[PDB]
């Protein structure tokens, strides 16, 4: 009848796992700019009790991680490793917490520490360890194929922070209220719409529609339209704003008046047999770029296609991508080996008091291998490289010319 009426018990329905992750991320930049290199090992735990049986069910959750750096890591960065006040890397660190949860019919409420994946407020999961939020999330599946959420969060703990309320910049969350809904219309079409209101910081909405269109020979075309609307509060932190800013914006990141961004993107992917190709276009309008991640708003709150090392989020920036993906298992060469190559070109970037015409481009390659069977099933290795270049005006204003490598070994282990 419902998710709660099928509860087996606190112990019977429990699940638990650890992900061991070894990472390496380096960025080589031109002379006069800072090279980063970060190497580390993590163990990331997730434990979820089942729910007790009855009209209302109860359980608990635990999330956390413990990590150590590998090497001195004197020029660590990129949100890989916590740093002491002098700049030195932390030798080892530990983070996380617990939650309690309650379930009635098909609705769950969770209170405490948790990893979020709302498009408007999404935890980092692309570095060593996950970003954690603390607060309350209600999740309702009372209508088949519809998920509705509502939440309130008061702490944000980013991956490279030891303090329990500290985003990528070391600043705490005041109050983030979130809501939204996601619906599967049929097997080819779904859509979503989410909202965020974060006190003294910003208001943000996200919408998506995703339509898959079957073609002959086990082929298809998938179209995607995604976008965000963000209104940044006068006291929020931003970096790409244009128009009227405060004298000190330069130094503070505080515009002292509201700034608005719209960013949207359309993508079409043709897939056939072993092979896929995607084309995508993305554009920003308003008087700021998509300056996400600067106000305890989720380091991964970037559900758009033109997003690799650069996110193509500059003020007025337009961008276009071509992407090619091969599955080497379907092709008959090596099951679980995949290759992605992409090229993204961005232009029309406004850099305040310098130009209206800056540009950037990125050439990306990733090879990934996932173990298909045996004791190490689902272990994977991801090796990825970005060759990134930008005009003179978009160097220290954003990332700067760079050759980036990232390597991640992920070894998942089921505890129960």
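Positions refer to the first chain, counted from 1.
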Fill in the blank from the handout: Averaging the C-alpha temperature factors as deposited, the higher value of 323 to 331 versus 275 to 283 falls on 323 to 331
Completion exercise
As the entry reports it, the stretch among 71 to 79 and 240 to 248 with higher mean C-alpha B factor is 240 to 248
Completion exercise
Top Cα B-factor in this entry, restricted to 359, 38, 31, 41, sits on 31
Practice task
Using the temperature factors in the entry, find which of 218, 117, 197, 167 has the highest value at its Cα atom.
Solution key: 218
Completion exercise
Temperature factor at the Cα of residue 229, chain-ranked in thirds, falls in the lowest
Practice task
Ordered by C-alpha B-factor within the chain, which third holds residue 66? Give me lowest, middle or highest, please.
Solution key: middle
Completion exercise
Quick tally, chain-level thirds of C-alpha B-factors: residue 375 sits in the highest
Problem - Relative C-alpha B-factor of residue 254, binned into the chain's lowest, middle or highest third - result: highest
Handout entry: For residue 91, the third of its chain into which the C-alpha B factor falls
Key = middle
